[PDB]
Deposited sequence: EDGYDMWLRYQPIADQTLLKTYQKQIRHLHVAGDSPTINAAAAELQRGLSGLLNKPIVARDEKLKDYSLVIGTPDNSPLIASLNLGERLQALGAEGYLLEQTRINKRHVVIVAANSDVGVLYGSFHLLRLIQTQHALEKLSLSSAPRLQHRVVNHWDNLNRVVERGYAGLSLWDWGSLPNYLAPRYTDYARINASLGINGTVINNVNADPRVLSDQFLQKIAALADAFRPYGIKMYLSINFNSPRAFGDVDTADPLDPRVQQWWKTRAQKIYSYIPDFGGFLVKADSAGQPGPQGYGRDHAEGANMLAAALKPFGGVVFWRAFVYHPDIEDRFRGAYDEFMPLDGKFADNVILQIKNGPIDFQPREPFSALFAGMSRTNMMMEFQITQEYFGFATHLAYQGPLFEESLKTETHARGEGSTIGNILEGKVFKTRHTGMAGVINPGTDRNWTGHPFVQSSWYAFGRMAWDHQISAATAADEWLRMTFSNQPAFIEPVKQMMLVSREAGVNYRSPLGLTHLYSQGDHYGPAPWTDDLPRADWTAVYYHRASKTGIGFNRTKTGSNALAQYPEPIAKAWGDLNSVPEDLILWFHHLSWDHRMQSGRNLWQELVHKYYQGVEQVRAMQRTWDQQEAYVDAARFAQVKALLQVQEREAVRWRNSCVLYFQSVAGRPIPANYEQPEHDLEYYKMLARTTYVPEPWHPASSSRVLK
């Protein structure tokens, strides 16, 4: 195996007793419909059932045979219509489905039924997933519908095909041969995403290139959209707010200028002439040298609404990305609550800083009550070790979605807020920055596939656990052997926390080398902005560490609902895993463990390395259950991870020691090298990413 199939591995069921049972239950595949989407579902079931059941199962439209899988909607399949599903289908809406073992004219059947063709597609993938994961079909009766409307992936891909925060190869999109060459991989990409119910893609970098709106590129993009359409995936583009100027058509991009308004309306007309079901726009504006409305003295609602007005006649939406930097997004956007148009959705990262290994929830989610919102999670491992560290992100996503905000009573979880139940809003969604590439296994590190998987599962149902998604993924990707699943599932579940522990435990954050983000640099000071440095966030000194965000410091806690401000502001109740986000504490503060804060910091850094070492031992125990190639690859990558984790640990412990002046407790292995040595390693250790200039650095001392 080389990862190309990801979790859609349609190999014969290994449990021979179970295989025989499936073979008895599904002897035929009945498909009456013939739309592109139903055809895609039929093709997936034909290849999937044939592979899993080890016999030729061909989709046919013929008189119903005993022991058939029958798929369709009441509108395209008279067999489905005859069951008179009624209210049972009503609950499923536009994208849901019902899977059920039943009878049609005394024939034994399993149905995949829906209101829409895309619901049939999603249900077909779930039916395959039940078999892939060795679940029984006898007495099957289940229905499901997605809990969020816009379930999207994001690709930070430059048109030169280098991917920003891209650790898995070049951009999938081969502009040089588009629109002429419809590569099979474009269809495989659509299959991967549709298998999770992902229904949208933003294919181009948020650091946006205006060329994507030119005819030259719209023709190429349309060819991708055509490949994606049968699988239910709408096309979206990141836009450059200054495009009217870049195209030399208008001497300003001010959204209140009628010529600018018209430029975008005319451009939307052009887009929809190529892509009649185009989803809309992703916008990064006035952030990091990206142009925006504030460049013309206008606010973000004025800019978003101008774009939204251009898209509204075509049914498009705008995904608008949202002294103490922690306070920034909330302070910028809270005054605009209620000012955005109904087809604008504010796309907000899980936390207020930037995808750090642990962040508290973004206060905007509990504060904006009159604005559509959507979550943005990161899959690509910008902060979790590129393609060389194993870091299943399921637990990060779950932790986020199940976080209680107390916005409006108990049950105001991030997930319930996203679903729209808390504040009663129109558009809902989640976006996942996946940044795959042309590597054979799409994601570089095999385990990044598990993070993509969990994100799509959770976008469908935000209460799905990291454990459940890992169990599925492991079954689908590797093995159904219980003795494999349990230890590898636990290895996955600990991997995120390991990555917190050897980098920045206890509420520490932003300790990375700038701007490449591969390795440690907790000493970083003196950049163009203080909030780019590490020292700004940790504030370590001889007496203590941490950033005071209570009422006696920046009072960022007042940005949160009262119950959260209260819990996090009191040392007696604040979780230790967030503590240094909100409190500057003396090194002698005693933690729950009985250690002082210095000792606890050291313990966590050393624990992260030990957790990696334990993952290595776990993986080595699985040799009998995994193919030799992927086995060897993951074993090797875990060796790289352990070496880097040691570098992280030694770099940060020695750095913080240099500031606190306390000894590393004697039981721990003392670093043989000094802090200067680790500063030298930070300057000289290869940064394994094509995009960031640090990978080209010739510094050797």
Discussion item. Counting from residue 1 of the deposited sequence, where are the gaps with no C-alpha coordinates?
Written reply: 323-329
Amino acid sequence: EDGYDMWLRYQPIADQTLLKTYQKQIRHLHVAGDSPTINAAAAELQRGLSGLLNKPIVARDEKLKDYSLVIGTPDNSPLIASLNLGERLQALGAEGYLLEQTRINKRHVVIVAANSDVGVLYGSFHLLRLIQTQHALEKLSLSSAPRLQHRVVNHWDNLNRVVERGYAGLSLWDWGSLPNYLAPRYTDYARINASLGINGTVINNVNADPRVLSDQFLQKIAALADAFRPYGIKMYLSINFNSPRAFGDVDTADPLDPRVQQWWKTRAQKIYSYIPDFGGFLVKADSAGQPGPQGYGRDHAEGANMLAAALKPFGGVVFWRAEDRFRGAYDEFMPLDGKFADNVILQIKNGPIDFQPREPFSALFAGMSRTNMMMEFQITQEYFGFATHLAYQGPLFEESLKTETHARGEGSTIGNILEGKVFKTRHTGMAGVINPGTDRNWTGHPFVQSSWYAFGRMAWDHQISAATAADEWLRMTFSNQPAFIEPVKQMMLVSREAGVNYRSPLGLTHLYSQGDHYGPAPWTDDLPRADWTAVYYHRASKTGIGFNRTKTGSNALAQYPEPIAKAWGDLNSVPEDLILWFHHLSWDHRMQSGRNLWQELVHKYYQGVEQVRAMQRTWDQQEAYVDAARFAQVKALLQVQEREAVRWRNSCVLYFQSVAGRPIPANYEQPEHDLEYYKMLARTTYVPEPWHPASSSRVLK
From here on, numbers count along this sequence of modelled residues.
Response to the item:
Comparing mean C-alpha B factor in the record for 163-171 and 137-145, the higher one is 137-145
Response to the item:
Avg C-alpha B-factor, entry values, 599-607 vs 93-101, higher side is 93-101
Worksheet item: Of the options 465, 572, 193, 238, which has the highest CA B factor as deposited?
Response: 572
Practice prompt. Would you mind checking which of 43, 638, 645, 57 has the top Cα temperature factor in the PDB entry?
Written response: 57
Response to the item:
Tertile call for residue 618 (CA temperature factor, within chain, third-based) is the middle
Worksheet, complete the sentence: Here the Cα B-factor of residue 331, set against its chain, lands in the third termed highest
Discussion item. Please say which third, lowest, middle or highest, residue 378 falls into when its CA temperature factor is compared across its chain.
Written reply: lowest
Worksheet entry | CA B-factor placement of residue 422, once the chain's modelled residues are sorted into thirds | middle
Response to the item:
Chain-relative C-alpha B factor for residue 633 (record values, thirds): the lowest
